[PDB]
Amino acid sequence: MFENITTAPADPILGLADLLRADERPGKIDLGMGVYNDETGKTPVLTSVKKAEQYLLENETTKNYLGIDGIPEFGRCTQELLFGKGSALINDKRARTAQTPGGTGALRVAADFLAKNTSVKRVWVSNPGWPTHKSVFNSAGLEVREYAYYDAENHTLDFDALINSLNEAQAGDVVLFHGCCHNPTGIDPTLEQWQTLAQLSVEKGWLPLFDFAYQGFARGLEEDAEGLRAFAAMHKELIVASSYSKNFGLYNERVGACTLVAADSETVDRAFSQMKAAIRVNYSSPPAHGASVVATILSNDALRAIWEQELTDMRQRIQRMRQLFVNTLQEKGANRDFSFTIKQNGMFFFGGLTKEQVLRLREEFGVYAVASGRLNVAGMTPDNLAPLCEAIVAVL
């Protein structure tokens, strides 16, 4: 039965992990996957998380199944974090949230939901973008179209090209927007641009789908959600796939959420029942631990205070490494100017390397990055920054 199965192609992002595993060279530098590293090159468990896990260990009395949609408190806190503590969406009970195994899992649930319950046939994603998007929607049977987004020479959002591309998207089409910290460009719309996109979306009849995996890494928790909120204010329906993998450092616990919004409470409840049906035939119910940690932290004033500071520290260390990266690059002999890196939000550096240069960085210098030229700045430390820049200058 399996004699003729073909070897699947490696994942352009997750496949780096396997290569790093093989390479036995002493000082290889991992700047691939978007995971936070501290000054010591370690991906630590947040202190707030350790405290929450301590609390769970002493108070948990059962591991009996959660409902299909997960921890009710978790969904409440997620909606507040997304739409604002006193939002109308919450007051009018227009939103329902299902806890999912990571943001990726949330995207898969959204995809199965749309494919089976609506007339949607196309999903629009940005280019450059995040490869997993095309893969997930395609697997659900939806075709993926791309819309321009980046001005490769000025290193800014090409708003005009964006609007021109999206004009080809018809009513009923899904349009996927990155909530903040666009992966991989790190260039996000200004509030005024978000507002224009929100209005344009309503008029064209698009169904906005937001991928929100970096809330808090651009400017702040609330500020980073202003684009989404601009949309939520004018739209009757929308979908949000969010993740706590990065802002809580809970990567491997798979903590995400798929939030569905409808015109009214009656409609969202009917639609949500179908979303639950899509979950039932997938993994049945979500994993408790990760989400339990999140709900505990977000519902406890003390733990929340600690967590918000840790998030702020992560954001600040990254922004600090960006400056050092640029500075070290100049004092190392870089013939090209990478100052444009400073404008980029999130964990990545993007736009200055070709796929050949990335290959050479790996083969000759043991430096690992994504073929698109995306480097994880969050993986840069004061210790590996010197050899890192010397290698880059060598391939420029």
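The first residue of the shown sequence is 1; numbering continues from there.
Just going by the entry, 295-303 versus 159-167 on mean CA temperature factor gives the higher value to 159-167. Here 332-340 and 27-35 are compared by their mean Cα B-factor, and 332-340 comes out higher. When the C-alpha B-factors of 67, 346, 41, 44 are read from the PDB record, the largest value belongs to 41. Listed residues 313, 237, 211, 203 were ranked by CA B-factor as deposited; 203 comes out on top.
The deposited CA B-factor of residue 224 belongs to the middle third of values across its chain. Per the deposited record, the Cα B-factor of residue 53 falls in the lowest third when ranked against the other modelled residues of its chain. Placement of the Cα temperature factor of residue 151 within the chain: highest third of the modelled residues, per the deposited record. When the modelled residues of the chain are ordered by C-alpha B-factor, residue 61 sits in the middle third. Sorting the modelled residues of the chain by their CA temperature factor places residue 184 in the middle third.
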